[PDB]
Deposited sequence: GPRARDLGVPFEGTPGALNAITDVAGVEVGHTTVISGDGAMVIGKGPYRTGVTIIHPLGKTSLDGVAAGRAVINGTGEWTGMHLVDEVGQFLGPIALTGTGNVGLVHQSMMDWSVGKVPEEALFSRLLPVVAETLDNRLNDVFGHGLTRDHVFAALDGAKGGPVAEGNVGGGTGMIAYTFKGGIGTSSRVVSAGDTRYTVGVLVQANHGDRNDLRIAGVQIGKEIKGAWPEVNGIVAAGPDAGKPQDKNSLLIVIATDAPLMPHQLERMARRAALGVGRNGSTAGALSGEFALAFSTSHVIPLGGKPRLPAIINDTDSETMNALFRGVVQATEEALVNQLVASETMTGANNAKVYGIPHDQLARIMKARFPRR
């Protein structure tokens, strides 16, 4: 399937080989996608359109920590392990991205998974699992216990490097972004800092924004697209014909950055979001987490910092910052393009942004 670039959307900078967070060596991603039932929602019975996405910063077999820092755009949402990140500049274990209703289940399941994987002497380090959410309430039975521990184990165990599936998968399965179908998106940038190159990888779970604000490559596009407004049981549910017939951003880099420097990286995410036109809804939980895969902390050991960067080194830091902004901008658009039309709970129907129209618009704007 085409990604944003394939439909003629231009972006600045140089993407990595996979144009994904896994361009950062050693990062693994797994999805479990839960899609079952149709028709009217009954709490505890579905329909279910949900799941979980796992990111292993250093792979599923690592017991070590990664240096980390976060940023909050708008904090109406949950992301666990973040007080830890704020205090000691690192976290242990995987990142889980999921639906709001799944947070506690995922949190405990990650603990159960550790008991079966980790040496008992190291169990203390698995007590603060990192779990984050956006709300799949239009398409999913949020409270209905559709996600199981087995689902979580499968994502943890199945995670891998290489190409990352985008769209209606894992934590993104039941999401809605810019009044089009939401979900998972990813992008990367290879950046030049003097004689050195670094990779900045971004993955998003997008459930934010309004169609009328959306910009793609600077084009305010919602009004250029015809139709494709959401429907409920046959009736247009938004837009001019209404009535008629949160955002999680994960940044990986192999740059050997210190925790406070990774906070700076995280704070660049908002600028990439800003490029695409949204204004951070009052109830939209929008968060960024950044980590380094080269600045690593062996469990109970000496931190490994292979090289060290000056915060005032504009050449290096700006290269890295611009990388975050650009990869974030593109990951957001890649999400929209990868997500297909879906019908879910209560016959709610949300359209993937139409490929034919997007390509036509891009061709006209960028001949």
Which bits of the deposited sequence have no atoms placed for their C-alpha?
246-249, 372-373
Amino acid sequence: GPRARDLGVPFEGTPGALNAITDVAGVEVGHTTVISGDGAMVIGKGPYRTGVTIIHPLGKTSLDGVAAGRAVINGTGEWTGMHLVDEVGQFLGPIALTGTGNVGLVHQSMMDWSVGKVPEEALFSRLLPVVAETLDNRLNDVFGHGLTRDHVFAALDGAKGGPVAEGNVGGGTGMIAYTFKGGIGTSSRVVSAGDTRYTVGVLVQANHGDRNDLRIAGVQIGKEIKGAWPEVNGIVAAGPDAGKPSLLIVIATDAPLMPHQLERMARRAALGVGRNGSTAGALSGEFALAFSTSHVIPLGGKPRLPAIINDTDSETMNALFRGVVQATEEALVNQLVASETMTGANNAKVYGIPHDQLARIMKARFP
From here on, numbers count along this sequence of modelled residues.
Can you tell me whether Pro245 lacks a model in a third or more of the other compared entries?
yes
Return whichever of 333-341 and 35-43 has the greater mean Cα B factor according to the PDB record.
35-43
Mean C-alpha B-factor higher for 79-87, or for 133-141?
133-141
Take the CA temperature factors straight from the PDB entry and tell me which of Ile95, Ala122, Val273, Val164 peaks.
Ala122
Among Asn318, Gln326, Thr61, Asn310, which residue carries the highest C-alpha B-factor recorded in the PDB entry?
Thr61
Taking the values exactly as deposited, rank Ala252 by C-alpha B-factor within its chain and report the matching third: lowest, middle or highest.
lowest
State the tercile, meaning the lowest, middle or highest third, of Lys160 with respect to the CA B-factors recorded for its chain.
highest
Quick check for you: using the entry's CA B-factors within this chain, is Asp23 in the lowest, middle or highest third?
lowest
Lowest, middle or highest third: where is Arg70 by C-alpha B factor in its chain?
lowest
Quick check on the deposited entry: does the C-alpha B-factor of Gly285 sit in the lowest, middle or highest third of its chain?
lowest
